[PDB]
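The structure appears below as structure tokens.
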Amino acid sequence: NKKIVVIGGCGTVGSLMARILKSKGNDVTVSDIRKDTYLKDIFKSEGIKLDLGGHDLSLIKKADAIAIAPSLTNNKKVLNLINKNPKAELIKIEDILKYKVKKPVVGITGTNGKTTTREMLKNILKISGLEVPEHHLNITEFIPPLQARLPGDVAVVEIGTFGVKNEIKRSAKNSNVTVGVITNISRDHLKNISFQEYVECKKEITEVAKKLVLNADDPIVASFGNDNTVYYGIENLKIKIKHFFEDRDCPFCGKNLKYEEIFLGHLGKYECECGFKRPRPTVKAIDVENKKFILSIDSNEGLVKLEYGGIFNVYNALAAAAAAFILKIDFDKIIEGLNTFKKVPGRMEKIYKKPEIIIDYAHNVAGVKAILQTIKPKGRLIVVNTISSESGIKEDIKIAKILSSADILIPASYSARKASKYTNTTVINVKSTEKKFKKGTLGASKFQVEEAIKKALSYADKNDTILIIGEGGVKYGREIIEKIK
Ligand SMILES: [Zn+2]
Numbered sequence: 005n006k007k008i009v010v011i012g013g014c015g016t017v018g019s020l021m022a023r024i025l026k027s028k029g030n031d032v033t034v035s036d037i038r039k040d041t042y043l044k045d046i047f048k049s050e051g052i053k054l055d056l057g058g059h060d061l062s063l064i065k066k067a068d069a070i071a072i073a074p075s076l077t078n079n080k081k082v083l084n085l086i087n088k089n090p091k092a093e094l095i096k097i098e099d100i101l102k103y104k105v106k107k108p109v110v111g112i113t114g115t116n117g118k119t120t121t122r123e124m125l126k127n128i129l130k131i132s133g134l135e136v137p138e139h140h141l142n143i147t148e149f150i151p152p153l154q155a156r157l158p159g160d161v162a163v164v165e166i167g168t169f170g171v172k173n174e175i176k177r178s179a180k181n182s183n184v185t186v187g188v189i190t191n192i193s194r195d196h197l198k199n200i201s202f203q204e205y206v207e208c209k210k211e212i213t214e215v216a217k218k219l220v221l222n223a224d225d226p227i228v229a230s231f232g233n234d235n236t237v238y239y240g241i242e243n244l245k246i247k248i249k250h251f252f253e254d255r256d257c258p259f260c261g262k263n264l265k266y267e268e269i270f271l272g273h274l275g276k277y278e279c280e281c282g283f284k285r286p287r288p289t290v291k292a293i294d295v296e297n298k299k300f301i302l303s304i305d306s307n308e309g310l311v312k313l314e315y316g317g318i319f320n321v322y323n324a325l326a327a328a329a330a331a332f333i334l335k336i337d338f339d340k341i342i343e344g345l346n347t348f349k350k351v352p353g354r355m356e357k358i359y360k361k362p363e364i365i366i367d368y369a370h371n372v373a374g375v376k377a378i379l380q381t382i383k384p385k386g387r388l389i390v391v392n393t394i395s396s397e398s399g400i401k402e403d404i405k406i407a408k409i410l411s412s413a414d415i416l417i418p419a420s421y422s423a424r425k426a427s428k429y430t431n432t433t434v435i436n437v438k439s440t441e442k443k444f445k446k447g448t449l450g451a452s453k454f455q456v457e458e459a460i461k462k463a464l465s466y467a468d469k470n471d472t473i474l475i476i477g478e479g480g481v482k483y484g485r486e487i488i489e490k491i492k
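In the deposited numbering, the protein residues as written are 5 to 143, 147 to 492.
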């Protein structure tokens with residue numbers, strides 16, 4: 005119970021440091037040269053007074069302890085101020101990291117589905133009366152460990168990697184992850200690195216998490232399994248779908264894996280002659296249909312009715328379910344959490360009726376495959392691709408080839424245009440994707456997405472579907488359509 009200043013306490017980490025210290029009972033006040041923060045609402049909500057547009061010397065001087073945001077650990081202007089109060093005690097992020105997390109921490113990792121799994125679980129937990137710490141940020148590595156140190160009952164955090172080694176591991180150990188979840192593994196973030204190296208990065212979660220929630224339908228994820236592992240998966244479909252199959256090699260002997268049934272891409276029921284076989288999942292999805300399936304866990308069975316449907320959403324729901332089960336959450340509550348879950352925007356979002364216009368965050372082969380498998384246009388399919396795969400041209404090409412099923416493909420980014428020359432469908436381009444004046448990757452712009460959408464509307468009938476995929480598309484689609492009305 006002391007007086008603490010948090011210089012640069014409006015930054016991503018500064019904010020969390022501030023809140024954490026405040027949650028231990030302290031006369032906390034944030035000091036920042038910046039005069040604007042979206043965090044004023046949550047700051048005032050938790051009893052953290054502000055001192056923006058410059059630092060109050062009296063504040064700093066009187067205060068007993070001062071916290072410094074990592075991004076300003078060695079800033080002359082800031083240290084010339086911290087040393088105006090030499091007898092005060094310093095609190096850098098390492099000190100806050102020393103703080104013990106005792107709350108159960110659920111860590112979610114994987115290629116796709118992390119966000120939806122995370123929010124589904126957050127819903128399940130919340131309606132069950134459990135406090136989950138929110139970082140309340142508009143954006147790293149220190150976010151997950153610090154978020155988990157915020158007050159609450161159970162922490163649910165995202166631990167991803169661009170493919171950088173020990174990222175997952177360091178952040179997971181620092182978050183004290185007790186329950187480790189892996190949604191799926193596929194090609195993404197492979198800019199310079201190998202797919203193999205990426206998989207090795209993902210395996211890191213299994214080096215810290217005591218318990219593991221693994222996808223049994225993903226051979227690579229499944230092979231990570233230990234003694235404290237709960238597996239989830241699909242046992243059967245009642246609907247017929249397009250496989251979009253992707254090969255997988257046996258992780259133990261290297262031979263190409265044989266599949267007896269396929270659900271989505273590389274997710275299915277597999278086996279190897281060496282003896283490796285898909286584990287029978289205890290958290291399963293029975294009689295899967297588009298927007299309805301029976302979730303079965305031990306002796307319990309409950310009908311899940313999802314708003315946004317699709318096999319990949321079934322998988323997200325299974326992972327969330329499995330995590331909750333590990334947490335001993337009542338079955339009916341797991342069901343309620345799933346059935347009342349509100350899907351995140353940008354996830355198969357309808358933003359126009361005739362023609363149908365959907366926007367979706369899909370940004371890799373697995374994402375495009377998932378939505379293409381789920382989407383069922385009654386009319387034609389016009390795709391507007393704003394994707395500029397972070398892996399590079401190789402996956403862009405793969406995505407374009409996948410997109411060949413589209414009646415029309417309209418590239419909305421430089422990368423997407425470049426890649427579309429290797430696809431076997433009708434390709435209609437726009438001038439904004441014609442010449443890149445600068446070097447290196449240049450993501451889809453508002454104007455490029457604008458031109459592409461207009462071209463799409465120009466070709467679409469009232470009964471057609473225009474699917475807008477990618478970051479740029481989700482980001483500018485609504486306003487482009489609204490300014491066009
Ligand atoms: Zn094998």
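We put the CB at the ideal spot given by N, CA and C, even for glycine.
{"Check": "Return the CA-CA distance between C279 and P258, expressed in angstroms with no decimal places.", "Outcome": "10 Å"}
{"Check": "Under 8 Å, with one C-beta from each stretch per pair, do the segment 9-20 and the segment 71-78 reach the 3-pair mark?", "Outcome": "yes"}
{"Check": "Quick check on the DSSP output: the beta strand (DSSP E) that includes residue 1 runs from which residue to which?", "Outcome": "Absent from the structure is residue 1, since the part of the chain shown begins at 5 and ends at 492."}
{"Check": "Give a yes or no on contact between the segment 215-233 and the segment 173-193, applying the rule of three or more CB pairs nearer than 8 Å.", "Outcome": "yes"}
{"Check": "For the candidate residues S398, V434, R485, whose alpha-carbon lies nearest to that of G447?", "Outcome": "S398"}
{"Check": "Quick check: is any heavy atom of ligand 1 less than 8 Å from the C-beta of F252?", "Outcome": "no"}
{"Check": "Grab me the residues of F202's own chain with a C-beta within less than 7 Å of its C-beta, minus the 5 sequence neighbours each way, in chain order.", "Outcome": "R194"}
{"Check": "How would the residue list near ligand 1 read, in chain order, if you kept each one whose beta-carbon is closer than 6 Å to any heavy atom?", "Outcome": "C257, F259, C260, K262, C279, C281, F283"}
{"Check": "Counting along the chain, where does the beta strand (DSSP E) carrying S439 start and finish?", "Outcome": "Neither: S439 is in no beta strand (DSSP E) and is coded neither H nor E."}
{"Check": "I'd like to confirm the pairing. Which residues does DSSP put opposite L85 in its beta bridges?", "Outcome": "For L85, which the question treats as bridged, DSSP gives no partner whatsoever."}
{"Check": "Tell me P418's beta-bridge partners as DSSP assigns them.", "Outcome": "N392"}
{"Check": "Taking the alpha-carbon positions, what's the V171 to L221 distance?", "Outcome": "22 Å"}
{"Check": "If I'm right that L474 touches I394 with Cβ under 8 Å, what's the distance once you round it to whole angstroms?", "Outcome": "At roughly 12 Å, the Cβ-Cβ gap does not stay under 8 Å, so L474 and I394 are not in contact."}
{"Check": "Touch check for the segment 406-416 and the segment 425-443: three-plus C-beta pairs under 8 Å?", "Outcome": "yes"}
{"Check": "Name the DSSP beta bridge partners of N263, please?", "Outcome": "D256"}
{"Check": "Hey, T236 and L264: beta-carbon distance below 9 Å or not?", "Outcome": "no"}
{"Check": "Would you kindly report the start and end of the unbroken alpha helix (DSSP H) that includes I400?", "Outcome": "400-409"}
{"Check": "Who pairs with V34 in a beta bridge, going by DSSP?", "Outcome": "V10, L54"}
{"Check": "On the DSSP letters alone, give me the boundaries of the beta strand (DSSP E) that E308 sits inside.", "Outcome": "307-311"}
{"Check": "Which same chain residues end up closer than 8 Å to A369 when comparing Cβ atoms and leaving out the 5 residues on each side of it in sequence?", "Outcome": "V375, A377, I378, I394, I476, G477"}
{"Check": "Do you know how far the Cα of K210 is from the Cα of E123?", "Outcome": "23 Å"}
{"Check": "Among the residues of its own chain, which have a CB less than 6 Å from the CB of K299, if the five just before and after it don't count?", "Outcome": "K312"}
{"Check": "Please name the residue in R255, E308, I301 whose C-alpha comes closest to that of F283.", "Outcome": "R255"}
{"Check": "Is the Cβ-Cβ distance between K104 and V163 less than 9 Å?", "Outcome": "no"}
{"Check": "First and last residue of the beta strand (DSSP E) that includes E165?", "Outcome": "162-165"}
{"Check": "When DSSP labels each residue in this structure, what does residue 495 get in the three-state scheme?", "Outcome": "Residue 495 cannot be examined here, being either before or after the span of the chain that is shown, 5 to 492."}
{"Check": "By the DSSP assignment, the beta strand (DSSP E) with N431 in it spans what residues?", "Outcome": "Where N431 is concerned, there is no enclosing beta strand (DSSP E), given that its DSSP letter is neither H nor E."}
{"Check": "Determine the closest residue to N79 out of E314, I11, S49, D60, with distance taken between C-alpha atoms.", "Outcome": "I11"}
{"Check": "Could you check what DSSP says for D45 in three-state terms: helix, strand or coil?", "Outcome": "helix"}
{"Check": "Helix or strand or just coil, what does DSSP make of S412?", "Outcome": "helix"}
{"Check": "For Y483, which of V391, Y322, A426 has the nearest alpha-carbon?", "Outcome": "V391"}
{"Check": "By DSSP, does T213 sit in helix, in strand, or in coil?", "Outcome": "helix"}
{"Check": "Using the DSSP secondary-structure output, state which residues sit across from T472 in a beta bridge.", "Outcome": "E363, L388"}
{"Check": "Under the three-state reduction of DSSP, which class applies to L379: helix, strand or coil?", "Outcome": "helix"}
{"Check": "Identify whether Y483 lies in helix, strand or coil by the three-state DSSP scheme.", "Outcome": "helix"}
{"Check": "Between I389 and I417, which are expected to be in contact by the criterion C-beta below 8 Å, what is the C-beta distance as a whole number of angstroms?", "Outcome": "7 Å"}
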